[PDB]
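Enquirer: The structure's right below; bear with me while I get my questions together.
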Amino acid sequence: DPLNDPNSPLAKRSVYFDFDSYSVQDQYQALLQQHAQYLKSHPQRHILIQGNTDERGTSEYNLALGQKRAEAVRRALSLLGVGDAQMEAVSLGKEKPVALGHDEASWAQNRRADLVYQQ
């Protein structure tokens, strides 16, 4: 199972966004296509698409932005033929920062949507 392989494209499971943006950049097409191909052939595989944001803005606002980012990925996967029974788009907002810095570099690491495969 390439999902356990660290040298497979399936190892990359994060989509990053620009400030205040929930648009899936073109550079993530290959990543989404690959995961789409894997999920479609493994219909028993479920994933949570977890949207995240940087600290700027209110919690309420970022909770919404985080959801928009997760759903942008989800729609991308849906468009590629992934079943609606395999995906759930959720938002963590700015609750769970992965980088604690207060700079552009740290913030960029928090504007993210994760493909989290369930057991």
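Residue numbers start at 1 in each chain; chains themselves are named A, B, ... in the order of the structure tokens; ligands are numbered from 1 in the order shown.
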Among the residues of chain A, find those DSSP assigns to strand (DSSP E or B) from the backbone and print them as number ranges by chain.

Expert: A: 14-16, 47-52, 87-93, 112-117

Enquirer: I need the residues from that last selection saved to file as a compact mmCIF listing (two decimals), in the first residue's frame (with C-alpha atoms), if you can.

Expert:
```
# COMPACT_ATOMS: atom_id res chain seq x y z
CA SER A 14 -0.88 19.15 2.33
CA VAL A 15 -2.23 21.97 0.18
CA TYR A 16 -1.04 25.50 0.97
CA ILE A 47 -10.15 11.01 4.67
CA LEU A 48 -10.73 14.19 6.63
CA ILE A 49 -9.77 17.32 4.72
CA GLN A 50 -8.71 19.65 7.53
CA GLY A 51 -8.49 23.34 6.69
CA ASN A 52 -6.22 25.66 8.65
CA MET A 87 -14.60 12.64 2.12
CA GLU A 88 -15.48 15.09 4.88
CA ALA A 89 -14.23 18.68 4.78
CA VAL A 90 -13.62 20.16 8.24
CA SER A 91 -12.08 23.39 9.57
CA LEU A 92 -9.71 23.83 12.51
CA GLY A 93 -9.43 27.54 11.77
CA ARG A 112 -3.00 24.79 4.85
CA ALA A 113 -5.44 21.97 4.10
CA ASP A 114 -4.45 18.45 5.17
CA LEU A 115 -5.51 15.14 3.62
CA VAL A 116 -5.82 13.03 6.77
CA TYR A 117 -6.49 9.35 6.06
```

Enquirer: Would you please extract all alpha helix (DSSP H) residues from range 1-104 of chain A, as assigned by DSSP on the backbone, and give them as number ranges by chain?

Expert: A: 29-41, 59-79, 104

Enquirer: Could you check which of A:45, A:68, A:102, A:74 is closest to residue 33 in chain A, using only C-alpha atoms?

Expert: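 Among the listed residues, A:74 lies closest to residue 33 in chain A.
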
Enquirer: So which one's closest to residue 62 in chain A, A:86, A:78, A:110, A:27? Using only C-alpha atoms, please.

Expert: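 Closest to residue 62 in chain A of all the choices is A:110.
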
Enquirer: CA of residue 76 in chain A and CA of residue 7 in chain A, how far apart in Å?

Expert: 23.6 Å

Enquirer: In Å to one decimal, how far is CA of residue 54 in chain A from CA of residue 107 in chain A?

Expert: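 That distance, rounded to one decimal, is 5.1 Å.
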
Enquirer: Given only C-alpha atoms as the basis, pick out the residue of A:20, A:28, A:39, A:94 nearest to residue 3 in chain A.

Expert: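 Smallest distance to residue 3 in chain A is found for A:39.
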
Enquirer: What gap, in Å, lies between CA of residue 118 in chain A and CA of residue 46 in chain A?

Expert: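 Atom-to-atom, CA of residue 118 in chain A and CA of residue 46 in chain A are spaced 5.5 Å apart.
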
Enquirer: Need the shell around residue 19 in chain A: protein/DNA/RNA residues with any atom at most 8 Å away, counting only C-alpha atoms. Skip same-chain ones fewer than 2 positions apart. Format as a VMD selection string?

Expert: chain A and resid 17 21 108 111
